[PDB]
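Undergrad: See model12.pdb below, with PDB, C-alpha atoms.
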ATOM      1  CA  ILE A   1      -2.339  -3.967   1.114  1.00  0.00           C
ATOM      2  CA  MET A   2      -1.209  -0.339   1.456  1.00  0.00           C
ATOM      3  CA  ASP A   3       1.512   1.673   3.219  1.00  0.00           C
ATOM      4  CA  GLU A   4       0.986   1.600   6.995  1.00  0.00           C
ATOM      5  CA  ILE A   5       1.943   3.744   9.984  1.00  0.00           C
ATOM      6  CA  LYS A   6       1.266   2.384  13.476  1.00  0.00           C
ATOM      7  CA  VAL A   7       1.494   4.757  16.411  1.00  0.00           C
ATOM      8  CA  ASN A   8       1.675   3.437  19.988  1.00  0.00           C
ATOM      9  CA  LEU A   9       1.415   6.192  22.598  1.00  0.00           C
ATOM     10  CA  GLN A  10       1.830   5.693  26.347  1.00  0.00           C
ATOM     11  CA  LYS A  11      -1.087   8.035  27.071  1.00  0.00           C
ATOM     12  CA  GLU A  12      -4.752   7.271  26.405  1.00  0.00           C
ATOM     13  CA  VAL A  13      -6.297   9.076  23.426  1.00  0.00           C
ATOM     14  CA  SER A  14      -9.832  10.096  22.484  1.00  0.00           C
ATOM     15  CA  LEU A  15     -11.211   9.716  18.957  1.00  0.00           C
ATOM     16  CA  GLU A  16     -10.659  13.450  18.290  1.00  0.00           C
ATOM     17  CA  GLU A  17      -7.089  13.348  19.641  1.00  0.00           C
ATOM     18  CA  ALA A  18      -6.239  10.213  17.630  1.00  0.00           C
ATOM     19  CA  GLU A  19      -7.705  11.707  14.437  1.00  0.00           C
ATOM     20  CA  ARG A  20      -5.666  14.898  14.908  1.00  0.00           C
ATOM     21  CA  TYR A  21      -2.493  12.783  15.393  1.00  0.00           C
ATOM     22  CA  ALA A  22      -3.297  10.755  12.249  1.00  0.00           C
ATOM     23  CA  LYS A  23      -4.147  13.808  10.096  1.00  0.00           C
ATOM     24  CA  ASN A  24      -0.947  15.488  11.226  1.00  0.00           C
ATOM     25  CA  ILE A  25       1.149  12.494  10.112  1.00  0.00           C
ATOM     26  CA  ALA A  26      -0.781  12.088   6.825  1.00  0.00           C
ATOM     27  CA  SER A  27      -0.205  15.771   5.972  1.00  0.00           C
ATOM     28  CA  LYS A  28       3.538  15.215   5.368  1.00  0.00           C
ATOM     29  CA  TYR A  29       2.695  13.079   2.330  1.00  0.00           C
ATOM     30  CA  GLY A  30       0.009  15.174   0.645  1.00  0.00           C
ATOM     31  CA  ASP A  31      -3.681  16.009   0.892  1.00  0.00           C
ATOM     32  CA  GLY A  32      -5.129  13.488   3.369  1.00  0.00           C
ATOM     33  CA  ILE A  33      -8.693  12.507   2.498  1.00  0.00           C
ATOM     34  CA  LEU A  34      -9.976  10.569   5.518  1.00  0.00           C
ATOM     35  CA  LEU A  35     -12.208   7.762   4.249  1.00  0.00           C
ATOM     36  CA  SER A  36     -12.948   5.634   7.329  1.00  0.00           C
ATOM     37  CA  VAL A  37     -12.178   5.111  11.019  1.00  0.00           C
ATOM     38  CA  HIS A  38     -12.445   2.109  13.334  1.00  0.00           C
ATOM     39  CA  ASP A  39     -12.127   1.839  17.112  1.00  0.00           C
ATOM     40  CA  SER A  40     -10.796  -1.646  17.950  1.00  0.00           C
ATOM     41  CA  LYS A  41     -11.751  -1.229  21.635  1.00  0.00           C
ATOM     42  CA  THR A  42     -15.430  -0.367  21.131  1.00  0.00           C
ATOM     43  CA  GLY A  43     -16.128  -1.652  17.611  1.00  0.00           C
ATOM     44  CA  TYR A  44     -17.175   1.826  16.447  1.00  0.00           C
ATOM     45  CA  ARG A  45     -16.702   2.719  12.793  1.00  0.00           C
ATOM     46  CA  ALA A  46     -17.379   5.624  10.448  1.00  0.00           C
ATOM     47  CA  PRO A  47     -19.025   5.746   8.013  1.00  0.00           C
ATOM     48  CA  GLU A  48     -22.034   3.821   9.339  1.00  0.00           C
ATOM     49  CA  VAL A  49     -21.441   0.380   7.785  1.00  0.00           C
ATOM     50  CA  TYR A  50     -22.579  -2.654   9.750  1.00  0.00           C
ATOM     51  CA  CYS A  51     -23.275  -6.282   8.966  1.00  0.00           C
ATOM     52  CA  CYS A  52     -21.560  -6.335   5.560  1.00  0.00           C
ATOM     53  CA  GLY A  53     -19.404  -8.231   6.525  1.00  0.00           C
ATOM     54  CA  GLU A  54     -15.696  -8.569   7.373  1.00  0.00           C
ATOM     55  CA  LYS A  55     -14.033  -5.225   8.240  1.00  0.00           C
ATOM     56  CA  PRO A  56     -16.553  -3.194   6.144  1.00  0.00           C
ATOM     57  CA  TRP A  57     -14.882   0.146   7.029  1.00  0.00           C
ATOM     58  CA  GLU A  58     -11.666  -1.115   5.401  1.00  0.00           C
ATOM     59  CA  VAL A  59     -13.446  -2.523   2.330  1.00  0.00           C
ATOM     60  CA  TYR A  60     -15.242   0.837   1.946  1.00  0.00           C
ATOM     61  CA  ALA A  61     -11.952   2.765   2.096  1.00  0.00           C
ATOM     62  CA  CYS A  62     -10.092   0.418  -0.277  1.00  0.00           C
ATOM     63  CA  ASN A  63     -12.904   0.740  -2.831  1.00  0.00           C
ATOM     64  CA  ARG A  64     -12.336   4.532  -2.658  1.00  0.00           C
ATOM     65  CA  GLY A  65      -8.584   4.278  -3.346  1.00  0.00           C
ATOM     66  CA  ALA A  66      -7.217   4.284   0.205  1.00  0.00           C
ATOM     67  CA  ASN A  67      -3.405   4.218   0.071  1.00  0.00           C
ATOM     68  CA  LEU A  68      -2.340   4.925   3.670  1.00  0.00           C
ATOM     69  CA  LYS A  69      -3.468   3.289   6.910  1.00  0.00           C
ATOM     70  CA  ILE A  70      -2.601   5.121  10.111  1.00  0.00           C
ATOM     71  CA  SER A  71      -3.253   3.501  13.486  1.00  0.00           C
ATOM     72  CA  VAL A  72      -3.143   5.523  16.712  1.00  0.00           C
ATOM     73  CA  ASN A  73      -3.459   3.229  19.733  1.00  0.00           C
ATOM     74  CA  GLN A  74      -6.892   1.518  19.387  1.00  0.00           C
ATOM     75  CA  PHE A  75      -7.946   3.596  16.345  1.00  0.00           C
ATOM     76  CA  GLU A  76      -7.332   2.851  12.657  1.00  0.00           C
ATOM     77  CA  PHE A  77      -7.662   5.594  10.052  1.00  0.00           C
ATOM     78  CA  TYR A  78      -7.823   4.929   6.316  1.00  0.00           C
ATOM     79  CA  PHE A  79      -6.702   7.779   4.037  1.00  0.00           C
ATOM     80  CA  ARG A  80      -6.551   8.469   0.332  1.00  0.00           C
ATOM     81  CA  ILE A  81      -3.441  10.658   0.101  1.00  0.00           C
ATOM     82  CA  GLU A  82      -3.848  12.947  -2.904  1.00  0.00           C
ATOM     83  CA  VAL A  83      -0.856  14.644  -4.534  1.00  0.00           C
ATOM     84  CA  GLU A  84      -0.528  17.455  -7.100  1.00  0.00           C
ATOM     85  CA  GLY A  85       1.177  15.087  -9.579  1.00  0.00           C
TER
ATOM     86  CA  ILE B   1       9.346   1.929  27.164  1.00  0.00           C
ATOM     87  CA  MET B   2       8.710   5.055  25.072  1.00  0.00           C
ATOM     88  CA  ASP B   3       6.229   6.314  22.461  1.00  0.00           C
ATOM     89  CA  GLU B   4       6.606   4.355  19.212  1.00  0.00           C
ATOM     90  CA  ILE B   5       5.846   4.895  15.527  1.00  0.00           C
ATOM     91  CA  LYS B   6       6.207   1.939  13.153  1.00  0.00           C
ATOM     92  CA  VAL B   7       6.201   2.604   9.432  1.00  0.00           C
ATOM     93  CA  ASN B   8       5.715  -0.242   6.935  1.00  0.00           C
ATOM     94  CA  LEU B   9       6.256   0.844   3.329  1.00  0.00           C
ATOM     95  CA  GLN B  10       5.644  -1.342   0.276  1.00  0.00           C
ATOM     96  CA  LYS B  11       8.826  -0.065  -1.386  1.00  0.00           C
ATOM     97  CA  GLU B  12      12.374  -0.904  -0.305  1.00  0.00           C
ATOM     98  CA  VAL B  13      14.255   1.885   1.484  1.00  0.00           C
ATOM     99  CA  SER B  14      17.928   2.740   1.940  1.00  0.00           C
ATOM    100  CA  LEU B  15      19.366   3.927   5.258  1.00  0.00           C
ATOM    101  CA  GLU B  16      19.353   7.554   4.017  1.00  0.00           C
ATOM    102  CA  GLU B  17      15.756   7.301   2.759  1.00  0.00           C
ATOM    103  CA  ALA B  18      14.558   5.678   6.002  1.00  0.00           C
ATOM    104  CA  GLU B  19      16.326   8.312   8.125  1.00  0.00           C
ATOM    105  CA  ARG B  20      14.727  11.123   6.099  1.00  0.00           C
ATOM    106  CA  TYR B  21      11.280   9.492   6.584  1.00  0.00           C
ATOM    107  CA  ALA B  22      11.910   9.148  10.343  1.00  0.00           C
ATOM    108  CA  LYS B  23      13.244  12.713  10.782  1.00  0.00           C
ATOM    109  CA  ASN B  24      10.265  14.056   8.868  1.00  0.00           C
ATOM    110  CA  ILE B  25       7.821  12.291  11.215  1.00  0.00           C
ATOM    111  CA  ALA B  26       9.794  13.265  14.355  1.00  0.00           C
ATOM    112  CA  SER B  27       9.756  16.941  13.301  1.00  0.00           C
ATOM    113  CA  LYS B  28       5.995  17.263  13.965  1.00  0.00           C
ATOM    114  CA  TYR B  29       6.646  16.769  17.685  1.00  0.00           C
ATOM    115  CA  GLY B  30       9.651  19.029  18.242  1.00  0.00           C
ATOM    116  CA  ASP B  31      13.410  19.127  17.753  1.00  0.00           C
ATOM    117  CA  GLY B  32      14.411  15.552  16.856  1.00  0.00           C
ATOM    118  CA  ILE B  33      17.836  14.638  18.217  1.00  0.00           C
ATOM    119  CA  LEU B  34      18.735  11.328  16.557  1.00  0.00           C
ATOM    120  CA  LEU B  35      20.606   9.209  19.103  1.00  0.00           C
ATOM    121  CA  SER B  36      20.940   5.780  17.464  1.00  0.00           C
ATOM    122  CA  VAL B  37      19.976   3.649  14.462  1.00  0.00           C
ATOM    123  CA  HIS B  38      19.748  -0.102  13.896  1.00  0.00           C
ATOM    124  CA  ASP B  39      19.263  -2.118  10.710  1.00  0.00           C
ATOM    125  CA  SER B  40      17.439  -5.354  11.615  1.00  0.00           C
ATOM    126  CA  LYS B  41      18.312  -6.906   8.223  1.00  0.00           C
ATOM    127  CA  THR B  42      22.090  -6.419   8.378  1.00  0.00           C
ATOM    128  CA  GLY B  43      22.729  -5.924  12.102  1.00  0.00           C
ATOM    129  CA  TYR B  44      24.282  -2.497  11.477  1.00  0.00           C
ATOM    130  CA  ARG B  45      24.065   0.106  14.225  1.00  0.00           C
ATOM    131  CA  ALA B  46      25.215   3.659  14.896  1.00  0.00           C
ATOM    132  CA  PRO B  47      26.947   4.716  17.026  1.00  0.00           C
ATOM    133  CA  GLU B  48      29.616   2.000  16.902  1.00  0.00           C
ATOM    134  CA  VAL B  49      28.614  -0.144  19.904  1.00  0.00           C
ATOM    135  CA  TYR B  50      29.258  -3.873  19.691  1.00  0.00           C
ATOM    136  CA  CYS B  51      29.478  -6.726  22.155  1.00  0.00           C
ATOM    137  CA  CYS B  52      27.894  -4.892  25.100  1.00  0.00           C
ATOM    138  CA  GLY B  53      25.466  -6.703  25.095  1.00  0.00           C
ATOM    139  CA  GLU B  54      21.720  -6.899  24.386  1.00  0.00           C
ATOM    140  CA  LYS B  55      20.499  -4.199  21.952  1.00  0.00           C
ATOM    141  CA  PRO B  56      23.345  -1.774  22.894  1.00  0.00           C
ATOM    142  CA  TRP B  57      22.116   0.915  20.447  1.00  0.00           C
ATOM    143  CA  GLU B  58      18.817   1.050  22.366  1.00  0.00           C
ATOM    144  CA  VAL B  59      20.496   1.074  25.796  1.00  0.00           C
ATOM    145  CA  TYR B  60      22.746   3.919  24.572  1.00  0.00           C
ATOM    146  CA  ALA B  61      19.747   5.964  23.393  1.00  0.00           C
ATOM    147  CA  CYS B  62      17.669   5.335  26.536  1.00  0.00           C
ATOM    148  CA  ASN B  63      20.587   6.463  28.715  1.00  0.00           C
ATOM    149  CA  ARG B  64      20.536   9.736  26.711  1.00  0.00           C
ATOM    150  CA  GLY B  65      16.812  10.361  27.303  1.00  0.00           C
ATOM    151  CA  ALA B  66      15.333   8.837  24.145  1.00  0.00           C
ATOM    152  CA  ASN B  67      11.555   9.365  24.159  1.00  0.00           C
ATOM    153  CA  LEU B  68      10.471   8.383  20.632  1.00  0.00           C
ATOM    154  CA  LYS B  69      11.249   5.248  18.628  1.00  0.00           C
ATOM    155  CA  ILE B  70      10.527   5.404  14.912  1.00  0.00           C
ATOM    156  CA  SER B  71      10.833   2.283  12.765  1.00  0.00           C
ATOM    157  CA  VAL B  72      10.886   2.488   8.963  1.00  0.00           C
ATOM    158  CA  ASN B  73      10.779  -0.999   7.439  1.00  0.00           C
ATOM    159  CA  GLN B  74      13.955  -2.780   8.690  1.00  0.00           C
ATOM    160  CA  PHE B  75      15.391   0.343  10.385  1.00  0.00           C
ATOM    161  CA  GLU B  76      14.811   1.564  13.949  1.00  0.00           C
ATOM    162  CA  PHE B  77      15.605   5.151  14.914  1.00  0.00           C
ATOM    163  CA  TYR B  78      15.805   6.360  18.509  1.00  0.00           C
ATOM    164  CA  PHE B  79      15.166  10.078  19.086  1.00  0.00           C
ATOM    165  CA  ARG B  80      15.241  12.486  21.987  1.00  0.00           C
ATOM    166  CA  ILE B  81      12.469  14.915  21.022  1.00  0.00           C
ATOM    167  CA  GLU B  82      13.291  18.291  22.559  1.00  0.00           C
ATOM    168  CA  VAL B  83      10.618  20.955  23.059  1.00  0.00           C
ATOM    169  CA  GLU B  84      10.768  24.670  23.933  1.00  0.00           C
ATOM    170  CA  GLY B  85       8.845  24.053  27.186  1.00  0.00           C
TER
END
Let's see the structure in the file written out as structure tokens.

TA:
Amino acid sequence: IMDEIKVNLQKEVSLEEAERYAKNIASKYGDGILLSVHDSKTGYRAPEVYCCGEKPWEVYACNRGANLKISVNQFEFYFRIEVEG
Amino acid sequence: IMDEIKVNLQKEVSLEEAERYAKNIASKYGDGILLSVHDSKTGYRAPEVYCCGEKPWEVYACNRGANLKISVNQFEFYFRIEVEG
């Protein structure tokens, strides 16, 4: 469980457009290290993790200290927000 | 129906804190004119519109050209985002 931001836009978005939207939001909180992405419409994920097993893109991100989930329509982006501290 | 951003934070937020969070997000898209606010925990709304009838704070905002709804935990903020166009 991490902080979450869910964006629902009336227009359709591409992966690139959604990522730009997500990175723009993340940037208000610090240095946004994008760890993983998932497309809930197509099943696509990055990095290439398949068959291992339940939501592997999320498990991957959480194991790398993900602390902010940003969804933009069908896309979910998992960030580690780094701060100067 | 307008574009929506829903923020779910692990920490508890005050009205002032939630408004600051919302205004900060809105600012990436243009000049954020805050039209109305509602607290879903207490029933509080601004401006002072009561008994008129279903979600009057939302009706008020929509009649003033609200185009972005930002929720921060229990709070909902309705903005008219103005652009230079």

Undergrad: Check which residues of chain A sit at most 6 Å from chain B using all atoms listed in the file, and return one row each with the closest pair of atoms and their distance in Å to one decimal, ordered by chain and rising number, as a Markdown table.

TA:
| residue | atom | partner | partner_atom | distance |
| --- | --- | --- | --- | --- |
| A:3 | CA | B:9 | CA | 4.8 |
| A:4 | CA | B:8 | CA | 5.1 |
| A:5 | CA | B:7 | CA | 4.4 |
| A:6 | CA | B:6 | CA | 5.0 |
| A:7 | CA | B:5 | CA | 4.4 |
| A:8 | CA | B:4 | CA | 5.1 |
| A:9 | CA | B:3 | CA | 4.8 |
| A:10 | CA | B:3 | CA | 5.9 |

Undergrad: Please dump the current selection as a PDB file, keeping the file's coordinate frame; keep C-alpha atoms.

TA:
ATOM      1  CA  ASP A   3       1.512   1.673   3.219  1.00  0.00           C
ATOM      2  CA  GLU A   4       0.986   1.600   6.995  1.00  0.00           C
ATOM      3  CA  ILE A   5       1.943   3.744   9.984  1.00  0.00           C
ATOM      4  CA  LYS A   6       1.266   2.384  13.476  1.00  0.00           C
ATOM      5  CA  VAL A   7       1.494   4.757  16.411  1.00  0.00           C
ATOM      6  CA  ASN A   8       1.675   3.437  19.988  1.00  0.00           C
ATOM      7  CA  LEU A   9       1.415   6.192  22.598  1.00  0.00           C
ATOM      8  CA  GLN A  10       1.830   5.693  26.347  1.00  0.00           C
TER       9      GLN A  10
END

Undergrad: Could you jot down the atom CA of residue 12 of chain B to atom CA of residue 31 of chain B separation for me, Å, one decimal place?

TA: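 About the pair atom CA of residue 12 of chain B and atom CA of residue 31 of chain B: they are 27.0 Å apart.
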
Undergrad: Any idea what the distance is between atom CA of residue 40 of chain B and atom CA of residue 55 of chain B?

TA: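 A separation of 10.8 Å between them.
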
Undergrad: Select all residues near (-13.7, 13.5, 1.9) (cut-off 12 Å, inclusive, file coordinates), counting all atoms listed in the file, and output them as JSON, numbers by chain.

TA: {"A": [31, 32, 33, 34, 35, 36, 47, 61, 64, 65, 66, 78, 79, 80, 81, 82]}

Undergrad: Hey, can you check how far atom CA of residue 41 of chain B sits from atom CA of residue 73 of chain B?

TA: 9.6 Å

Undergrad: Identify which of the residues A:42, A:29, A:50, A:59 lies closest to residue 84 of chain A, counting all atoms listed in the file when measuring atom-to-atom distances.

TA: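 That would be A:29, the residue with the smallest distance to residue 84 of chain A.
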
Undergrad: Name every residue that the PyMOL selection byres ((chain A and resi 15) around 10) selects in this structure, writing the answer as a ChimeraX atom specification with chains first and numbers rising.

TA: /A:13-14,16-21,37-39,72,74-75

Undergrad: Would you mind writing segment 3-38 of chain B with N, CA and C atoms, as a short mmCIF file (atom, residue, chain, number, x, y, z; two decimals), in the frame of the given file?

TA:
data_model
loop_
_atom_site.label_atom_id
_atom_site.label_comp_id
_atom_site.auth_asym_id
_atom_site.auth_seq_id
_atom_site.Cartn_x
_atom_site.Cartn_y
_atom_site.Cartn_z
N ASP B 3 7.15 6.21 23.60
CA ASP B 3 6.23 6.31 22.46
C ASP B 3 6.88 5.74 21.21
N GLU B 4 6.09 5.06 20.39
CA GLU B 4 6.61 4.36 19.21
C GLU B 4 5.79 4.64 17.96
N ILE B 5 6.49 4.77 16.83
CA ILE B 5 5.85 4.89 15.53
C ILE B 5 6.50 3.88 14.60
N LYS B 6 5.69 2.99 14.03
CA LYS B 6 6.21 1.94 13.15
C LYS B 6 5.66 2.13 11.77
N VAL B 7 6.56 2.37 10.83
CA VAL B 7 6.20 2.60 9.43
C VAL B 7 6.54 1.37 8.59
N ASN B 8 5.55 0.88 7.85
CA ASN B 8 5.72 -0.24 6.94
C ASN B 8 5.38 0.18 5.51
N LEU B 9 6.41 0.39 4.71
CA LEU B 9 6.26 0.84 3.33
C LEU B 9 6.41 -0.32 2.36
N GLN B 10 5.60 -0.31 1.31
CA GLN B 10 5.64 -1.34 0.28
C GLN B 10 6.98 -1.36 -0.47
N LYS B 11 7.55 -0.18 -0.69
CA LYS B 11 8.83 -0.06 -1.39
C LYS B 11 10.00 -0.35 -0.45
N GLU B 12 11.13 -0.73 -1.05
CA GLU B 12 12.37 -0.90 -0.30
C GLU B 12 13.03 0.45 -0.07
N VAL B 13 13.60 0.63 1.12
CA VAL B 13 14.26 1.88 1.48
C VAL B 13 15.72 1.69 1.86
N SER B 14 16.54 2.68 1.51
CA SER B 14 17.93 2.74 1.94
C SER B 14 17.99 3.35 3.33
N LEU B 15 19.17 3.31 3.95
CA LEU B 15 19.37 3.93 5.26
C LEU B 15 19.06 5.43 5.22
N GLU B 16 19.57 6.11 4.19
CA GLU B 16 19.35 7.55 4.02
C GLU B 16 17.87 7.89 3.85
N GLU B 17 17.19 7.12 2.99
CA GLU B 17 15.76 7.30 2.76
C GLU B 17 14.93 7.08 4.03
N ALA B 18 15.25 6.01 4.76
CA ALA B 18 14.56 5.68 6.00
C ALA B 18 14.77 6.75 7.07
N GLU B 19 16.00 7.25 7.17
CA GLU B 19 16.33 8.31 8.12
C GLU B 19 15.56 9.60 7.82
N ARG B 20 15.49 9.95 6.54
CA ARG B 20 14.73 11.12 6.10
C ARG B 20 13.24 10.98 6.47
N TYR B 21 12.67 9.81 6.19
CA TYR B 21 11.28 9.49 6.58
C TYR B 21 11.05 9.65 8.09
N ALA B 22 11.97 9.09 8.88
CA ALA B 22 11.91 9.15 10.34
C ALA B 22 12.04 10.58 10.88
N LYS B 23 13.02 11.32 10.37
CA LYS B 23 13.24 12.71 10.78
C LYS B 23 12.07 13.58 10.44
N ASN B 24 11.46 13.32 9.28
CA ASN B 24 10.26 14.06 8.87
C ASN B 24 9.08 13.85 9.81
N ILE B 25 8.86 12.61 10.23
CA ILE B 25 7.82 12.29 11.22
C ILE B 25 8.12 12.92 12.58
N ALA B 26 9.35 12.71 13.07
CA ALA B 26 9.79 13.26 14.36
C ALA B 26 9.58 14.78 14.46
N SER B 27 9.78 15.48 13.34
CA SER B 27 9.76 16.94 13.30
C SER B 27 8.40 17.57 13.66
N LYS B 28 7.32 16.79 13.57
CA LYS B 28 6.00 17.26 13.96
C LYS B 28 5.86 17.42 15.46
N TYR B 29 6.76 16.81 16.22
CA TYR B 29 6.65 16.77 17.68
C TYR B 29 7.64 17.66 18.42
N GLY B 30 8.64 18.14 17.68
CA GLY B 30 9.65 19.03 18.24
C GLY B 30 10.99 18.84 17.56
N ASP B 31 12.05 19.23 18.26
CA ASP B 31 13.41 19.13 17.75
C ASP B 31 13.93 17.70 17.94
N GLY B 32 14.03 16.96 16.83
CA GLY B 32 14.41 15.55 16.86
C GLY B 32 15.91 15.33 16.89
N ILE B 33 16.43 14.98 18.06
CA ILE B 33 17.84 14.64 18.22
C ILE B 33 17.99 13.13 18.01
N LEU B 34 18.53 12.74 16.86
CA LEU B 34 18.74 11.33 16.56
C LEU B 34 19.90 10.77 17.37
N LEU B 35 19.61 9.78 18.20
CA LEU B 35 20.61 9.21 19.10
C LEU B 35 21.25 7.93 18.55
N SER B 36 20.43 7.04 17.99
CA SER B 36 20.94 5.78 17.46
C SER B 36 20.07 5.22 16.34
N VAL B 37 20.67 4.35 15.54
CA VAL B 37 19.98 3.65 14.46
C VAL B 37 20.40 2.18 14.45
N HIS B 38 19.47 1.32 14.07
CA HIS B 38 19.75 -0.10 13.90
C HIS B 38 19.07 -0.62 12.64
#
